[PDB]
C-alpha cells in the first residue's frame, strides 16, 4: 500500500571485522574532566594507549579551546583522528537546563576544531546511546541525542568527520581491538556499534507491510494527552483520535486556548461528541504537567500520550549554533519528554508516542539542534521499551497542508532534496499502521530517492542507505 510505502525502519547489520593494527599516527583523545570516571571511559583511554594526546575540555568556552587545540596541533602536527569521550557528561549544563553538558561540549569541540584548523576526523563515542542487536538495551537516551548532532556534523563538515561508535557495557580486549581497528580504517562506515557478537552498522530499510491486530493496539478510549495539540499535526491527530472514540482529549501548548485556530479546532472535535480540554501548559514545566494530570476524571484516566510539542526555528549551522539556541530547541523535546516519561511511568499507558523527524534519522544540514532534540526522542522510546513500558517514536518527513512546513521557505527546502510533502490522511494512516504493529520506531516519509540519494551522498557515501534499493539504483 501507499501507506506501507511511507514507513521505514532503522536496523543494525553485521559488518566486517576490522584489521588488527592500531592507527599509525597520533590520536587526540578529548575528555570531559568532571565526567571521566565511567568504566567505558577508562577502558577507551586504556585502549588508545599512553602515546595518545589528551585534551581536557573544561567548561564550555569555544575561544579558549580553539587556542588550546591550536597549540596542541602546532606541537604534534597532524593527528590521525580526534576521539571524543565527551558523551559521558550526561549532567545538565548549569546555564542551559535542557542541554546535557556532553552535548554542549561536543558542539563546541566541533566548532573549536574548525577554528583551530585541526583536520583529523572526529569520532564521537557513546555507551548505551543506541539499541543495536538482539535484546540490546539503550541505557542512555541523553547520549542518544548526540547521534542526531553527529549525523549533521557529517553533513556540514564531511571532510573532518569520522563518525559515531557505541561501546558495549564492558570494553574487553576484543571490543578494544574493534575500536582501534575502526579508527585505523572503518570500511566506509560511520554509524557503528561494537557488541559482544561483532561490529554492527546502522541501516535504513523499508518497513514490513501492515498486519492489522498484530501488536494488539487497544481501542482508543479514556483521556488522551496531545502536547502541541493545538498545532498543525497535533490538531489532525486529535481529530483522528476523536473519530476513533477518545472520550476526552487534552490538548496543550504554550498558548493554549489562545493558540491560532483553537476555537475552530475545539468546535470540530466537540461535534464528534468528544470532551475537549485545552490548556496553556509549557511541556517543559513539570509542575504544570503534574497539575494537568491531577485534574483528570476518575472515569477518564490517562490512556495515551502523543507528544507533538516542538519548534524548529532559530537553529543554525554547526559552526554558528549557540548554546542558548540549542537550549531552546531541546526544551520541548528532551525536557518535556523526560517529564512525560517520569510522570506516566506508573500509569500503564496504552501508547506513549513521540513525534521525531527525519532530521534525526539521517540528518539535515542547517538543523543540528533540531536533529539532536529529535534523536533524544527516538532514544527515549527504545529506553522505555527496555523498562517494559510502551513507547514509540515516529520520525516524520515533510507534512503537507498543516504544520511547520507550510512556510514556502522550509517546504521549498525539503521537497527539493526529495523529502516530499505527505497528505495528512496518508501520514496518519501510516501512523495507525505503526501503532497497530506496536512498532517502537519508524520514519514515516514520502521520498523521491532519485533526487535524495545522489544529493545526500555528493560529498561522502552513506552506508545507511545501502539497504534501500531505490537509493542503490539512484546511485548506479
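Numbering follows the first chain given and starts at 1.
For the C-alpha atoms alone, is the average B factor greater in 178 to 186 or in 128 to 136, going by the entry? For C-alpha atoms only, the mean B-factor is higher in 128 to 136.
335 to 343 or 158 to 166, whichever carries the higher mean Cα B-factor: It is 335 to 343.
For the listed 235, 365, 369, 261, which has the peak Cα B-factor recorded in the PDB entry? Of the candidates given, the C-alpha B-factor peaks at 261.
Out of 317, 324, 213, 397, which one has a C-alpha B factor higher than all the others in the entry? Reading the PDB entry, the winner on C-alpha B-factor is 213.
CA B-factor ranking of residue 274, expressed as a third of its chain: According to the entry, residue 274 has a C-alpha B-factor in the chain's highest third.
By its CA B factor, does residue 73 count among the lowest, middle or highest third of the modelled residues in the chain? It falls in the top third of the chain.
Could you say whether, by C-alpha temperature factor, residue 115 belongs to the lowest, middle or highest third of its chain? Ranked within chain, residue 115 CA B lands in the middle tercile.
Among the chain's modelled residues, which third holds the C-alpha B-factor of residue 307? For residue 307, whose C-alpha B-factor we compare with every modelled residue in the chain, the answer is the lowest third.
Third assignment of residue 415 from its chain's C-alpha B-factors: CA B-factor rank for residue 415: highest third.
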